[PDB]
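Because the Cβ atoms are built from the backbone with ideal geometry, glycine has one as well, and the counts that use them run over all protein chains shown. We did not get these values from a lab; they are worked out from the coordinates using the rules stated.
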Amino acid sequence: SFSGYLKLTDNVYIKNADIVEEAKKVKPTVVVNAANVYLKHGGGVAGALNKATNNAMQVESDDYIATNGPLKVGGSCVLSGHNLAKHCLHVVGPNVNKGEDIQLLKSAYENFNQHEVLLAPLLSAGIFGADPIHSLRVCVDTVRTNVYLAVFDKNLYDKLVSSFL
Ligand SMILES: Cn1cc(C(=O)Nc2ccc(O)cc2)cn1
């Protein structure tokens with residue numbers, strides 16, 4: 001199972017880890033992708049997860065978009081986890097670099113409550129432009145299921161743990 005995680009709360013755990021390497025190791029039931037509404041997995045966590053699937057995630061995602069249209073900011077969809085997980089929960093956190101409503105981050109984290117356990121990144125963090133300290137706070141105050149957060153950046157991981165209230 002998950003190893004080397006620091007327990008933050010009853011249900012939230014955190015580790016300084018590459019979520020792709022963590023997914024290949026754990027092979028969780030659910031890996032969360034930091035998706036955009038178009039499921040265009042170009043960069044950040046999405047680009048890394050997609051590259052690990054040899055682009056199979058993008059091929060599946062394009063078929064999903066062709067059939068269903070784009071997701072909502074704050075929404076999600078369950079697709080295959082390919083070689084990384086049983087499922088991938090593609091969750092769209094607001095991208096503050098695209099001027100999206102930061103208040104939608106709580107709605108984005110609510111998607112995690114539909115799954116008993118997840119391996120996830122901090123939503124809207126990284127190239128999505130939100131403050132990761134704020135994202136972790138929304139995560140702990142919203143998610144009730146067991147969430148194992150992988151934070152790629154060591155310096156950010158240390159800042160998140162040392163400032164966690
Ligand atoms: C590697 N990495 C660093 C960050 C970061 O520091 N983001 C950030 C954005 C807005 C803020 O108000 C404060 C911090 C995200 N990923």
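Looking at region 67-75, can you tell me whether even one residue there is more than 13 Å from the chain's Cα centre (by Cα) and surrounded by 15 or more Cβ atoms within 10 Å (Cβ to Cβ)?
Yes, because at least one residue in region 67-75 is more than 13 Å from the chain's Cα centre (by Cα) and surrounded by 15 or more Cβ atoms within 10 Å (Cβ to Cβ).
For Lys159, only one of the following conditions fails: (1) within 17 Å of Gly44 (Cβ to Cβ); (2) without any contact (Cβ under 8 Å) to a residue 40 or more places away in the chain. What is its number?
(1)
Is it the case that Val32 is among the aliphatic types (A, V, I, L, M), farther than 22 Å from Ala108 by Cα and touching a residue at least 24 places away in the same chain (Cβ under 8 Å)?
So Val32 fails the test.
Taking the condition of being in a loop (DSSP other than H, G, I, E, B) and within 24 Å of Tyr148 (Cβ to Cβ), how many residues in region 32-59 meet it?
Residues that pass the stated criteria total 6.
Quick check, is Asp18 surrounded by fewer than 17 Cβ atoms within 10 Å (Cβ to Cβ) and free of Cβ contacts under 8 Å to residues at least 24 places away in the same chain?
No: the conditions fail for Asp18.
Inside region 121-145, can you point out the residues that are over 25 Å from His41 (Cα atoms) and of a type outside the set (A, V, I, L, M, F, W, C)?
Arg137, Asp141, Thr142, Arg144, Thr145, listed by residue number.
Could you look through region 145-161, keep only residues that are β-branched (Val, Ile, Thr) and under 13 Å from the mean Cα position of the chain (by Cα), and pick out the one that is farthest from the ligand (Cβ to nearest atom)?
Going through the qualifying residues, I end up with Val147.
Check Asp62 against each of (1) away from the ligand (no atom under 16 Å from the Cβ); (2) part of a loop (DSSP other than H, G, I, E, B); (3) over 18 Å from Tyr13 (Cα atoms) and name the one condition it does not meet.
In the conditions (1) away from the ligand (no atom under 16 Å from the Cβ); (2) part of a loop (DSSP other than H, G, I, E, B); (3) over 18 Å from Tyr13 (Cα atoms), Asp62 misses (2) alone.
Yes or no, residue by residue, for (1) part of a strand (DSSP E or B); (2) free of Cβ contacts under 8 Å to residues at least 12 places away in the same chain; (3) of a type in the set (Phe, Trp, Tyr); (4) within 16 Å of the ligand (Cβ to nearest atom):
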{"position": "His90", "(1), (2), (3), (4)": "yes, no, no, no"}
{"position": "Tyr109", "(1), (2), (3), (4)": "no, no, yes, no"}
{"position": "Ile127", "(1), (2), (3), (4)": "no, no, no, yes"}
{"position": "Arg137", "(1), (2), (3), (4)": "no, no, no, yes"}
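Of the numbered conditions (1) touching a residue at least 40 places away in the same chain (Cβ under 8 Å); (2) within 15 Å of the chain's Cα centre (by Cα); (3) on the phi < 0 side of the Ramachandran plot; (4) in a loop (DSSP other than H, G, I, E, B), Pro94 satisfies every one except a single condition; which is it?
Among (1) touching a residue at least 40 places away in the same chain (Cβ under 8 Å); (2) within 15 Å of the chain's Cα centre (by Cα); (3) on the phi < 0 side of the Ramachandran plot; (4) in a loop (DSSP other than H, G, I, E, B), the lone unmet condition for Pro94 is (1).
Could you give me the residue pairs with C-beta distances under 9 Å whose first residue belongs to region 39-65 and is in contact (Cβ under 8 Å) with a residue 12 or more places away in the chain and of a type in the set (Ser, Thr, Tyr), whose second residue is buried (at least 20 other Cβ atoms within 10 Å of the Cβ) and in a helix (DSSP H, G or I) wherever it lies, and which are 6+ apart or on separate chains?
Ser61/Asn50
Within the group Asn54, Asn113, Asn33, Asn83, which residue is among the polar types (S, T, N, Q) and over 25 Å from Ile14 (Cβ atoms)?
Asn54
Identify, please: which residue in region 111-125 is under 19 Å from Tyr5 (Cβ atoms), more than 13 Å from the ligand (Cβ to nearest atom) and not β-branched (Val, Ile, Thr) and is, among those, farthest from the chain's Cα centre (by Cα)?
So the residue we want is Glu116.
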